[PDB]
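Take a look at the letters that make up each chain.
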Protein chains: 2
Amino acid sequence: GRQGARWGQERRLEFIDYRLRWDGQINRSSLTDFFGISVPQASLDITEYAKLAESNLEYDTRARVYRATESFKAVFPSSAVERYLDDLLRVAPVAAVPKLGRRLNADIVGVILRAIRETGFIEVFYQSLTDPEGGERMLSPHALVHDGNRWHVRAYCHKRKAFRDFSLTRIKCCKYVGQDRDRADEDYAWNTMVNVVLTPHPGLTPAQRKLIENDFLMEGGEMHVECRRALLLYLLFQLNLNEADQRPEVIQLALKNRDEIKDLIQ
Amino acid sequence: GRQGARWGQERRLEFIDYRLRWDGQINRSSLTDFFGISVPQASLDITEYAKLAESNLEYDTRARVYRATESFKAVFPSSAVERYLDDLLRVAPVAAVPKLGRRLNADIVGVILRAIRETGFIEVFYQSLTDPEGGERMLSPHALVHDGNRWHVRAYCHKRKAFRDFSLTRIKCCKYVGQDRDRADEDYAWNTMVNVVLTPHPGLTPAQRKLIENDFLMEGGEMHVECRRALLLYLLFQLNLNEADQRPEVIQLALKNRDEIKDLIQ
């Protein structure tokens, strides 16, 4: 009722805050288009956003948009994540492809977050298709990493004496067991910044070569992205350059009837 | 201040609501581990959740967890999306791989949502690497589809007289232009349910064959997933079965220095 209305309105205020942060402006008809609300309601939402931050935005009468002011500081922490729009879209017409992969375990994630926050020791049972028997492992983690769909923890392995990555869905048990020293400054790969230069794939026709350079805002046929050395492997996966242990276990399934399901594709 | 505290607490109430929906229970130490709050605060959060739905949960003194009651109905719409935990993790230690892909355009998404809601005509400029020149197109959409990272719109193409998929980042312009008739019941592929049977990949050793069947809860070495015919192609991408037009444009980049960046991988 009222709680459902205040909850729904709060997401629209986060939409406003997001649009101002990333696009620099918002139209009243953006709210009506996106959420299916009336023009009056969109006017109430904009007024409510202004009560939280009176100088975050300003109406431009000629253009008929609200623009982010010079003093704009986002009101909600959610505005900082680029993909938050995807979440707003998914929560407030929309359909999903079936996810084959395993579901993230909130208990294991919580223990790892605690251990990162407190620089703790954790004892895990890690089990992978590369070593099916699995084994217990002693880790000191210092970062939880999002790779599109997949999560992995960056941690110090103590028997092995090196910093490594561990896929969250391959962690079957996770227990906090002690307090450690901070090691983050010894993970050189994690801290070394690499300037990755991308160009349009050789072989593209002139037209698709110019399209891709326009789509990715390249200067002189080049694009620059800063990556930590310990994350290069994950960036290259997006370009489909490698294919191996650190990809999902879903890849290791197979269709019982590959002939019959292929016919059904159109 | 107070607004920041009520906003932060609301995410913890959504965590509670999510855990009850998906895991059936929540521990007080789950809140403290995940959010870094004090035990007293976690007690205040649980009490606040109970005020919204007094019978959604019940404390089990022996196990020391709050369990979802028989009458549990989620309090927040966000609890319905499995991947909402990933969003809570990303908003409230955490790092991200650089996203190479283009950012979702909220204006275009809003026009498409409006057209789906109102069964409208839309006029788009669609531009792809398969046809670089691009072209204007007349579409009547009826679903917005999430495929992990990627979005596409399922729509009726009128010059072509068929239902097709259109990647959202390849839509460069989108305008609502008219009102249409409802066509959803004529999209047979979208409405035809397919029972996809998956098995462990042939060739796996006995150990990794049993691991994967335990990980995906298979009965008799088999797994069943319902897919709409018009979504089979996207399910097969997760198994890496095809590789082509409907994958990201990012795949069509290349590393300027493939030798130097390969050395840096460890």
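- For this entry, the PDB record names X-ray crystallography as the structure determination method and reports a resolution of 2.30 Å.

- As annotated in the PDB entry, chain A carries the name WYL domain-containing protein and is attributed to Pseudomonas aeruginosa.

**Let's talk about the overall build of chain A**
- In terms of helices and strands, chain A carries nine helices and 12 strands.
- Computed over C-alpha atoms, the radius of gyration of chain A comes to 23 Å, more than 25% over the 18 Å expected from 2.2 N^0.38 for 266 residues, which places it beyond the range of a compact globule.
- Principal-axis analysis of the C-alpha atoms places the extent of chain A at approximately 65 × 55 × 45 Å.

**Considering the sheet that holds strand β12 (residues 253-255) of chain B**
- Spatially, β11(A)-β10(A)-β12(B) is the arrangement adopted by the three strands of the open sheet, whose pairing is antiparallel. The outermost strands of the open sheet, each flanked by one partner alone, are β11 (223-228) of chain A together with β12 of chain B. Here the average twist between neighbouring strands, direction ignored, is 40 degrees.
- In terms of strand pairing, strand β10 (residues 193-200) of chain A meets β12(B) through three bridges, oriented antiparallel. In the sheet register, A:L198 faces β12(B), and the bridge partner there is B:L255.

**Here we look at the packing of aromatic side chains**
- By the definition in use, this model includes 18 aromatic pairs over all chains.
- Judged by centre distance (6.1 Å) and plane angle (80 degrees), the rings of A:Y234 and A:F237 are edge-to-face. Residue A:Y234 and its partner A:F237 are both found in helix α8 (residues 232-238); the two are separated by three residues, about one turn of the helix. In this structure, A:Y234 and A:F237 share a single accessibility class: buried.
- What links up through ring pairs into an aromatic cluster is the set A:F15, A:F34 and A:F35.
- In this structure, B:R114 packs its charged tip against the face of B:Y176, placed 3.9 Å from the ring centre.

**Points about the domain arrangement of chain A**
Residues and elements named next belong to chain A.
- In terms of domains, chain A is made up of domain 1 (2-91), domain 2 (106-188) and domain 3 (190-251).
- On the side of domain 3, 12 residues touch domain 2, which itself brings 17 residues to the contact.
- At the level of secondary structure, the elements contributing two or more residues to the side of domain 2 that touches domain 3 comprise β6 (135-147) and β7 (150-157).
- Looking at the side of domain 2 that touches domain 3 element by element, the count peaks at four residues for β6.
- Looking at side-chain class alone, the side of domain 2 that touches domain 3 contains five nonpolar, five polar and seven charged residues.

**Observations concerning the packing of helix α2 (residues 28-35) of chain A against helix α3 (residues 39-52) of chain A**
Residues and elements named next belong to chain A.
- At a closest axis distance of 9 Å, the pairing of α2 and α3 adopts a crossing angle of 115 degrees. For the pair α2 and α3, the sense of crossing is right-handed. Contacts between α2 and α3 involve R28, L31 and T32 on the former and, on the latter, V39, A42, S43, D45 and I46.
- When grouped by side-chain class, the residues that make up the contact of α2 with α3 number four nonpolar, two polar and two charged.

**Some details on the nonpolar core**
- If you look at the biggest cluster of nonpolar residues, it comprises 50 residues, and the most contacted ones within it are A:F15, A:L31, B:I112, B:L144 and B:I171.
- It is helix α5 (residues 106-118) of chain B that contributes the most residues to this core, eight residues altogether.
- Of all hydrophobic cores here, the second largest spans 49 residues; its members include A:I108, A:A155, A:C174 and B:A50.

**Quick look at unusual backbone geometry**
Residues and elements named next belong to chain A.
- Its identity as a non-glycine residue notwithstanding, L217 has a phi of 55 degrees, on the positive side.
- With respect to the element layout, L217 can be found in the loop between α7 (206-215) and β11.
- On the basis of relative accessible area, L217 is assigned to the exposed category, the value being 75%.

**Remarks on the environment of B:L100**
- Residue position: B:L100 is located in the loop between β4 (94-96) and α5.
- Once residues lying within four places of it in the same chain are set aside, the contact partners of B:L100 are A:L198, A:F216, A:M223, A:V225, A:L235, A:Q238, A:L239, B:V250 and B:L253.

**Some words on the relation of the copies chain B and chain A**
- For the pair chain B and chain A, the superposition axis carries a translation of 0.0 Å, the fit reaches an RMSD of 0.0 Å, and the rotation angle comes to 180 degrees. Look at the turn and shift together and you get a two-fold axis relating the two.
- Looking at the interface residues of chain B, 100% of them are also at the interface in chain A, so both copies use one shared face.

The rules behind these values
- Residues numbered from 1 in each chain as written, not as in the entry; some residues may be left out.
- Chains lettered and ligands numbered in written order.
- Heavy atoms only, no water.
- Residues with missing side-chain atoms left out of burial classes, pairs and counts.
- Helix = DSSP H or I, 4+ residues; strand = E, 2+ residues; numbered from the N terminus.
- Rg over C-alpha atoms; globule rule 2.2 N^0.38 Å.
- Pairing = 2+ DSSP bridges.
- Axes fitted to C-alpha atoms, helices over the stretch in contact; angles between N-to-C directions.
- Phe/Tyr/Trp six-rings, centres within 6.5 Å; stacked < 30°, edge-to-face > 60°.
- Buried < 20%, exposed > 50% of the residue type's maximum accessible area, 1.4 Å probe, protein only.
- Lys NZ or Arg CZ within 6 Å of the ring centre and 35° of its normal.
- Domains from an automatic or database assignment.
- Contact = heavy atoms within 4.5 Å.
- Nonpolar A, V, L, I, M, F, W, Y, C, P; charged D, E, K, R; others polar.
- Left-handed = near helix turned anticlockwise from the far one by under 90°.
- Core = buried A, V, L, I, M, F, W, Y, C linked by side-chain atoms within 4.5 Å.
- Least-squares fit on C-alpha atoms.

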